[PDB]
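As structure tokens, the structure follows; a few thoughts come after it.
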Amino acid sequence: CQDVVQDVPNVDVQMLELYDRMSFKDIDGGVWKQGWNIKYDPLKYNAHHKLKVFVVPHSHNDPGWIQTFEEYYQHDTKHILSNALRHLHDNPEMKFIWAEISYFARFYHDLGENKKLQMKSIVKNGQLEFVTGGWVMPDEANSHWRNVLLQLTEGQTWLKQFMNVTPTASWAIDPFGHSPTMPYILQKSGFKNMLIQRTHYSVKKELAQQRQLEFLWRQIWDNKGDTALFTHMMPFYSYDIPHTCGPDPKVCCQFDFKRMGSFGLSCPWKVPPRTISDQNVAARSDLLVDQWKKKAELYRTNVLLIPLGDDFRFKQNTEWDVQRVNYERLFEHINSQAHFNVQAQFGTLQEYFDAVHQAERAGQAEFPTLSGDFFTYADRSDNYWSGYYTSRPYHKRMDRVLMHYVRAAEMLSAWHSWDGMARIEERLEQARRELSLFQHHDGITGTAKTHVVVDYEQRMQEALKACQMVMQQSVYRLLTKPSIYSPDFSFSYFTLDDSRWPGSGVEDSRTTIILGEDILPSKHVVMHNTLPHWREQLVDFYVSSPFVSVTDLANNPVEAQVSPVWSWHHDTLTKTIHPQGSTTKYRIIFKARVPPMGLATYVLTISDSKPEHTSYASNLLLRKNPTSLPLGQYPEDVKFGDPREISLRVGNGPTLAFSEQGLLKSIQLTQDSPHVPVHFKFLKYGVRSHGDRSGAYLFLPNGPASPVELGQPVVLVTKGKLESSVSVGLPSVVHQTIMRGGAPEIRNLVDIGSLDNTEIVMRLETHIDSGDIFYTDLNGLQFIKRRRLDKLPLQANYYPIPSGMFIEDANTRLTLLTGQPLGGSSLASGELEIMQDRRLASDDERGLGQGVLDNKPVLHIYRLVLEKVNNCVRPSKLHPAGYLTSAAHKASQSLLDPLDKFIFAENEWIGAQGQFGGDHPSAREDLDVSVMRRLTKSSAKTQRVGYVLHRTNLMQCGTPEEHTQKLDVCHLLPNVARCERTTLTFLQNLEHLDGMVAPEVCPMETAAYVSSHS
Ligand SMILES: *[C@@H]1O[C@H](CO)[C@@H](O)[C@H](O)[C@H]1NC(C)=O
Ligand SMILES: [Zn+2]
């Protein structure tokens, strides 16, 4: 295994280093506004060395943006694909590339058999070529790597089954900035090439000047280079025709033949395209070839890529004709005029890459190596696209919830083969597809119109329900005596109880377990642990009585804590935000211990009085002018007092101190250690009254954030043996700090209400001497080193925080893990900040046509880990990566993949079993079974189950960390006949494993295995 910590990779271009050296000056470079006047030697190409030009027709189809997926399909896409089929069929030399499989599948299944065959033929013959082949072209900033893989697999599995093809070239022309997580996954999925477009204009200029636009992109920790994937970065401002033929859009626009008038399009540079004729072809060709040769100067081979397309292009038959005919005339002339020394033709993306590598093998070009990412993107001036790291945070959080539900549903149902009547495969396909669709760069990004966001939400809600159905049916089968099991595949044996989604104060969705002497004495509950190691976690349920005790199935008492059910309300009368307690519902909390990838059953029983093994939390309401707070049957009376500083400690965990405003002030790790200053503060960013305004994409603050006026907020302190908390009702945010014995959990119920042109940020202030360095993760896969650059505006220093961020000095580190992707930064030494929500009244001129005024309450969750790191073996000062500690990694897992809770619906569960998976191996803490999916339906003689195994890299800080079993996923199911290593999509077999044993992977590696069972 490669050492991902101590060996700094030697690469030609390291993005953090490049950023440190670049000046980012935004000067007018001429016709190529952000470049320079390209010059070339006409004698460079000749009869013995011609410029090969591939014009690649394409159509960018957004699976939702200003219209819903279905609206675009009906109005545009079905026509684009229908006419593509006809035109390609009738013109053998014409070519076309397609990226969005969600749309292609929607189209293909509606086609008659005759047309399906014609479609398969033009794909088989190479006229229509799929690029990437994912369900969508995903966002690369907010997306979790697990979902990027999910959507890629969804699209490619469909392509293999119906088109009999698997793309090895990727096309990503629209994500707002690019992540190395893409080549990571792609390279492990059979890919050999990839193309990107939206990178900072300064970066394009810098790399263009050194002809480093094509490079071998390797991971930041990869010293050997085995993760490298050839990457092509487009050099200009856009992927549209005016910015893809050469450096001068005024000239290139004249070669977009759809802009002559009848199509309602024109050229903003004032010179319209002109139909090619024998009379003007010589002059037209001279202009075009000149542009091509200028573009060619920016690359190293004699093979040039010229994309020909735009948003939803090639829709009308007349459009296909106008583009094809005019280009055909240009090709005939150019290719017949030796003085040009050019051979141009329509081509596909793969054809371009094949030619490039042929030139490379011929030894005419050597490519540079590169590591790093391409955030934060700016398309012009100071317009940095960091706003979408936070836009529509409700759905960003929903993404992570559904991500987990999909994993749990696929895993729980994978243990058995199901009869078709159970509709398991049907529900799982629906769930995977709705989640996959949301990975779109206008989905999770929060950059779609309001009604489109609603469509995505509805789709995900249906996916969540599908997931619940599959999960509960699976639990019933896994924990019921075989000879008693009698399933009704439409019946709900269990109801899922989720305490953090939609969340308290967001939607009263979770059910109350109703117990009573005259109705029902007890209730069975079951917890699922999707992680491959034994796990303990506190779980809570709402019960109709405070006198409830918990037992495991062996009837062993389990220590429990009962607390009130508190809800915060914006009192319109008193003009205050205060909590009200329920007098009929209560929260029971207890520690559940669940097997690796298993289930554990517990029983809740009511009694007439306080049970021996259940304790009750004390409650203290701090504020002036308090009023009574009755809690019905709740044992202890609420206490009151004027606001004051408080200190709390649960178990042997840390001791936290809070200000009289209910905000964290310090953390004391041990009784001996000191009180380390760690202050939570909420501030607000505004919008500029002059110039460019912030919108769904852009973050254009009117200066540093201003503190939110808190006044004298109401603070609620709940102290219990198992769980304690401090909650405060601040303007726009009910902030909560929860303690359960380890790193605290932070929950923010964010309701920005009607505060227009405001962005609410949560900041942490410490004494950590971090300087200008901080770390943020990329797609929940890796942590990359960031350097605050004062030479860039505030918004440029904001980065995606898909799952976590941290700052550190020689001795201390503070890590904030998130349960949702949001934007964040470290604007000063010792600080960490992350945006909660943003409400913007104006549009930011990127085509959305609206601001962001559809905010809704969202419950954001986090874990805050303060640690001493002076003893940890960390990367050298020059290493571009960072790594989490065991505690921080586990805290992240507690947020993204918590235990699942099921409540038995009926009064009695006959044949109930107390546990499943007690014999499953408990794998090393850094290893995870990211995916477990049965790949075959019940009718298959040989069943196949696929697994995606990921091993992260945790810092070694002197902790023994022992007793763990080797995890062989191929033997998790009985009767294994063969074990194979496959691409991450499970589509290609890479190795036949001897002994049918799937070996564990190396740190930072991800592998896929498929076990076959007779
Ligand atoms: C799929 O493509 C492969 C190309 O290697 C070919 O051998 C095979 O016959 C094709 N199968 C079909 C008909 O889908
Ligand atoms: Zn797009």
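Here, each number is a calculation from the coordinates, and none is a lab measurement. Heads up, the Cβs are rebuilt from the backbone with ideal geometry, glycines too, and the neighbour counts pull from every protein chain shown.
The table that follows gives values for the structure above.
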quantity: Folded to 0 to 90 degrees: helix 886-896 orientation relative to the chain principal axis, Cα; calculated: 80 degrees
quantity: Hypothetical label at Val271: residues of the stretch 237-259 whose amide nitrogen lies under 11 Å (7 Å Cα-Cβ projection); calculated: 248-255
quantity: Rounded tilt (10° steps) of 113-124 against the dominant C-alpha axis of the chain; calculated: 70 degrees
quantity: Average Cα contact separation per residue, the chain, under 8 Å, 6 or more apart, as relative contact order %; calculated: 13 percent
quantity: Within the stretch 23-38: backbone nitrogen closer than 12 Å to the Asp692 label point (7 Å, Cα to C-beta); calculated: 26
quantity: Most to least packed among 140-150, 604-614, 650-660 [average Cβ atoms within 10 Å]; calculated: 140-150, 650-660, 604-614
quantity: Computed lengthening from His767 to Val454, 0.36 nm per intervening residue step minus Cα-Cα distance; calculated: 108.4 nm
quantity: Size of electric dipole in the chain: Cβ of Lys, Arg +1 and of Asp, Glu -1, about Cα centre, debye, nearest 20; calculated: 960 debye
quantity: Set of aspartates and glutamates near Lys523 by C-alpha distance (under 18 Å), chain-local residues within fewer than 8 positions excluded; calculated: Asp497, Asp498, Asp540, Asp552, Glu559, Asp608, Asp900, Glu906, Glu908
quantity: Alpha-carbon radius of gyration plus Dmax, which is the widest Cα pair, for the stretch 1-381 in Å; calculated: 20.5, 66
quantity: Rounded FRET efficiency, nearest 0.05, which uses the C-beta distance separating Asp419 from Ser886 and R0 of 41 Å; calculated: 0.45
quantity: Sparse-neighbour loop sites [GluC sites (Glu not before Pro); the stretch 912-1014; at most 10 other C-beta within 10 Å; DSSP]; calculated: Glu962
quantity: Whole-angstrom Cα spans of the chain along principal axes, big to small; calculated: 99, 66, 54
quantity: Percent RCO, i.e. relative contact order, over the stretch 382-492, from Cα pairs under 8 Å lying at least 6 residues apart; calculated: 37 percent
quantity: Karplus (6.51, -1.76, 1.60) ³J(HN,Hα), θ = phi - 60°, over the stretch 872-880, in Hz, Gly and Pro reported as x; calculated: 7, 7, 9, x, 5, 4, 9, 6, x
quantity: Charge-dipole axis of the stretch 1-381 as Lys and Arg at +1 and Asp and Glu at -1 on Cβ define it, positive-most pick from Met182, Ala355, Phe130; calculated: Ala355
quantity: Computed label-point distance, nm, for sites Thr605 and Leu878 using a 7 Å Cα→Cβ extension; calculated: 6.7 nm
quantity: Potential extension, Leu287-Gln633 segment - 0.36 nm per residue separation minus Cα distance; calculated: 116.0 nm
quantity: Per-residue ³J(HN,Hα) for the stretch 331-342, Karplus 6.51 cos²θ - 1.76 cosθ + 1.60, θ = phi - 60°, Hz, x for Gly and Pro; calculated: 4, 4, 5, 3, 5, 9, 9, 3, 4, 7, 6, 9
quantity: Relative exposure of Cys467, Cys979, judged by other C-beta atoms within 10 Å (fewest first); calculated: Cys979, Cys467
quantity: FRET efficiency, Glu17 to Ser381 (Cβ-Cβ, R0 22 Å, nearest 0.05); calculated: 0.35
quantity: Residues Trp418, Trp501, sorted so that the one with the fewest Cβ neighbours within 10 Å comes first; calculated: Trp418, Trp501
quantity: Filter on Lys120/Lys941; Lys204/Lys295; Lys124/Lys160; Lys124/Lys188; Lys95/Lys120; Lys481/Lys591 - keep pairs with C-alpha separation over 21 Å; calculated: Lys120/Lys941; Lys124/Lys188; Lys481/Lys591
quantity: Positive minus negative residues near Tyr40 (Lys, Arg vs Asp, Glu; Cβ under 10 Å); calculated: +2
quantity: For the stretch 387-451 and the stretch 643-699, distance of Cα centres in Å; calculated: 32 Å
quantity: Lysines whose Cα lies under 18 Å from that of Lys856, excluding same-chain neighbours fewer than 8 positions away; calculated: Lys396, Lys449, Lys684
quantity: Orphan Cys of the chain, criterion: no other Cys C-beta under 4.7 Å; calculated: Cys467
quantity: Amide N of the stretch 357-375 lying under 17 Å from the label point, which is placed 7 angstrom from the Cα of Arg846 along Cα→Cβ; calculated: 374-375
quantity: For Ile910, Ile738, order by how many other beta-carbon atoms lie within 10 Å, fewest first; calculated: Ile910, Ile738
quantity: Fully extended contour minus Cα-Cα distance, from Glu328 to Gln364, at 0.36 nm per residue; calculated: 10.0 nm
quantity: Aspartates and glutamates whose Cα lies under 12 Å from that of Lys25, excluding same-chain neighbours fewer than 8 positions away; calculated: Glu206, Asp382
quantity: Value of [θ]222 nm, deg cm²/dmol, for the chain, DSSP H segments ≥ 4, -39500 (n - 2.57) each, nearest 500; calculated: -6500 deg cm²/dmol
quantity: With Cα atoms, 0 to 90° folded angle of helix 450-478 axis to the chain main axis; calculated: 60 degrees
